[PDB]
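Take a look at this single chain in structure tokens; it is the form deposited in one PDB entry.
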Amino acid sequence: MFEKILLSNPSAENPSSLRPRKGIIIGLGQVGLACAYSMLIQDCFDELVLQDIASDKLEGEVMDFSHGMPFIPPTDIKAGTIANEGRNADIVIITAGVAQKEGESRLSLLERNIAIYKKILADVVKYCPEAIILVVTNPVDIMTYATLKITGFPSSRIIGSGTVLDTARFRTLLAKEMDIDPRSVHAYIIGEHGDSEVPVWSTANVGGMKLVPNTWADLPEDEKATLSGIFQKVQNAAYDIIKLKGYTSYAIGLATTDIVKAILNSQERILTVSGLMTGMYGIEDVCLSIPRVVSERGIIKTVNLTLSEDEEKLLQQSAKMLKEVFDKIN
């Protein structure tokens, strides 16, 4: 209808040099919906395809998302699959999978989530051969490494959300103690997105002023206790939140969107995303988070970060464990 209101221009039949930026979110539960909402409000994509096995709920969600378009800049939001609507998408965001129950480790979701990815990744390889894959499903590091092995895509284009979320939690907790903007706190969490994560106290600072002036050993006992209490709240954040509301979604939706921005907008910005360890600290054949330059080609550079002897030993231990967990699943 409306062909007498708008007259089509036959000159616009051939496509110009500009190609719309397409994104696809596979798995639309609590995490996938938070990602979709944030990515629409922040206008990341020109077209966004949503893929889920729960058809009815998905159809309802797409209706709700599309009704709010007049309040924000537009995005062609639709329900679809990689094989048709999601073909040649620039970024594939995979959140699909089982979430952890109360007191359940992320590591115990591995067998079930590899089974889910085997069904999904085959179509990503055939219909999106040039895409960046952004993995959110837990255990995030091992799911990123398995995606790399299954797809055979270049390691630069296989990125896990990793410790971007853990770093944001560390900064928020420290910023609450100082009553400042968390964007002014520069503190990192590296390694596994889980129990073996490593706080980089050696470089933690606000406005260039370090929180640990010399070494952790030279810190007073009362100060060591208050800083450890802050880190323990970061490692227990998922357990504490899941015990209260049943899951986590808002902060991961913003962390995932923040990574999509560095890629889409070719920003060359440093983020602690998960990716193949290919030499540093003697770590190999594994994925974990360390500061890296992120842009339209994925991981383009890695910060050659100087760590303390204790921080490096902890990172090495995190990697050996992650490799053993993947080896046991065969």
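All residue numbers are counted from 1 along the displayed sequence. Take the two forms, superpose them, and find the largest set of C-alpha atoms that agree within 1.5 Å; that set is the rigid core.
If you look for the form deposited in another entry, you will not find it shown, but the lines that follow are about it.
With the core held fixed, the Cα of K224 is displaced between this form and the one not shown by 2 Å or more. Annotation for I150: C-alpha shift under 2 angstroms between this form and the one not shown, rigid core superposed. The two forms, fitted on the rigid core, differ between this form and the one not shown by less than 2 Å at the CA of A79.
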